[PDB]
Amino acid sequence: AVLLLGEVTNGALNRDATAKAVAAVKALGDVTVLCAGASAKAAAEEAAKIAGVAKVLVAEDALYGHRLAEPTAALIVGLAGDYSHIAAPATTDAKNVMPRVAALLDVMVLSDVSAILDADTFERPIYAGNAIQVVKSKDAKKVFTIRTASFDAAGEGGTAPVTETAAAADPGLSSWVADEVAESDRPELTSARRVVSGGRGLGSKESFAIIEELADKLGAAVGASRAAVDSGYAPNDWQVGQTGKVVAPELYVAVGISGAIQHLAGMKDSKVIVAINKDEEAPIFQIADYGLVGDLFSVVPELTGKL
C-alpha cells in the first residue's frame, strides 16, 4: 500500500501537488491520502475526489496546526506499520517532516524523486540537476518526497473513497508563533503553465512591474532570481532555483537573468525557455530555445504590446 501526505495549507488542500503525487505513486498500490491539520476536513473531501486515491484519512486537531515537524512526524510513523511506501509532494512542509519520519523508522529518505522505476528503484536529480542518479533502496519501507514538477496532476473525477479519522501524540518541543504570508493573487508558481521571471537586470522594485505586466498579459506566474529577492525587488517566495521552487511550465521567459547553475536547477525542465538579456554571452542563451539579445526595458514593453 502507500501512505501519502496530503499537501494542505490553511485548511485548504493544495490539489495540484497532491494530485501530481498520487499520479506519480498510484503505480505502486492503493494510494491512501492523509490530511492532518487544524482544519483538515474540507481538504479530506477534495482529496477523496482525486482519481487514484483508494481512501482518505483525516487528523483534524489543533496539534497539527501548521504541521509542526515533531507532532506530525509522530502521526505518520504511528500509521506507517501498514504501508511499505510513505510519500508526499516535495514541498517545504514535506521536506520538514519526511526526513524526520524516515529516521524514526531508521530508514533512508529519497528526496525529490523524478521517476519511480518500481517498488524500490527510483530516479533523482543530483548536483543541482546536472546528473540523474538511479538508486535502489534496500530499505524495508520507502520514505520519499515526489518532485511534482516531473509528473501530471491526474484527477478531478474520482471514486470518492472513504474518509476516516485518526488519533494523535504530542512531544511538546515546539509551538507556532506567527505567520508572514505573501500576497499571491496570480497563478501559484509551482502550478503555472507559463512563468515570467525577473533577475537583477531590472534594477529596481519599481521596474519589476514591467515583468508583472507581461506576466498578466500571458496569464503567467512571476518568478525571480536570488539577486532580485536579495535586492528587495520581490519576495523570496518567488525564487526559482535549487534553494527555492523548481518549476517546469510550458513557457518560461527569463528576462534579466544570466543563467547561473543554481537558477537553472529549478527551470531547465521547462518545455520552451525564452531569454532576453543584453549580454549575448550570458549562460542562459545556451539552454534557451528562443533568445533575444537586447535591453529588457525596450523589448519587454514591446513584447507585451504585441501580445
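The numbering used is simple: start at 1 and walk along the sequence shown.
- Comparing 20-28 with 291-299, the stretch with the higher mean C-alpha B-factor in the PDB entry is 20-28.
- Just going by the entry, 242-250 versus 34-42 on mean CA temperature factor gives the higher value to 34-42.
- Looking at 164, 112, 93, 237, the one whose CA carries the top B-factor in the deposited record is 164.
- Across the options 99, 81, 71, 89, the residue with the most elevated CA B-factor in the record is 81.
- Sorting the modelled residues of the chain by their CA temperature factor places residue 12 in the highest third.
- Looking at the C-alpha B-factors along this chain, the one for residue 159 belongs to the highest third.
- Among all modelled residues in this chain, the alpha-carbon of residue 197 has a temperature factor (C-alpha) in the lowest third.
- Annotation for residue 268: C-alpha temperature factor in the highest third relative to the rest of the modelled chain, per the entry.
- In the PDB entry, residue 182 places in the highest third of its chain by CA B-factor.
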